[PDB]
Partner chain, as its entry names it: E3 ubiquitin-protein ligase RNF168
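Coming up is one lone chain in structure tokens, specifically the form deposited without its partner chain.
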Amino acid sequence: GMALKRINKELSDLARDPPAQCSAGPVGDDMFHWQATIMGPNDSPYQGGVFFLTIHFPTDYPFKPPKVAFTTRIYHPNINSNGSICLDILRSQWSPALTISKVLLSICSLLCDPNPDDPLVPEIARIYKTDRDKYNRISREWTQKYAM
């Protein structure tokens, strides 16, 4: 019952100090499944887009990281077509000091500053590294098609 209690605490804190753009919480009786939304960051190719994510807390959260994946298609070196995310805090650098909130904001920093040297989609990493304007254009094209 430890996991459920921490999931309720994060929901309380989030509800009481709401972010202005992103959001997350339960969408049903099952507290271990959350939906989250982030806005494509202003000043990025993702601007105006709304990206949905699905979160599954494990039964020994917060000592193991939540499973977080996009359900909205997105063009990015570190996010693949199944929506899996390469972000170290979701893997090796997870800590119980971290929260869904800081995970979302971190994903936003990832969107604004990709890590092409550790990619999930090699072709997108290539384009990001060699032609940023093209990368930005395609990123914007996919935002308009899939996230708006």
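Residue numbers count along the first chain shown, from 1.
We do not show the form deposited with its partner chain bound, though everything after this point is about it.
Should the three residues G25, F32 and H56 be counted as contacting its partner chain in the deposited bound form, with contact defined as a heavy atom within 4.5 Å for each? The answer is no: none of the three residues contacts the partner (heavy atom, 4.5 Å cut-off).
Would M148 count as touching its partner chain in the deposited bound form under a 4.5 Å heavy atom rule? Answer no; every heavy atom of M148 is more than 4.5 Å from its partner chain in the deposited bound form.
Would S95 sit within 4.5 Å of its partner chain in the deposited bound form, counting heavy atoms only? Taking the distances in the deposited bound form, the answer for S95 is yes, it comes within 4.5 Å of its partner chain.
Though the partner is not shown here, which residues of 63-77 have a heavy atom within 4.5 Å of its partner chain in the deposited bound form? Contacting residue: only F63.
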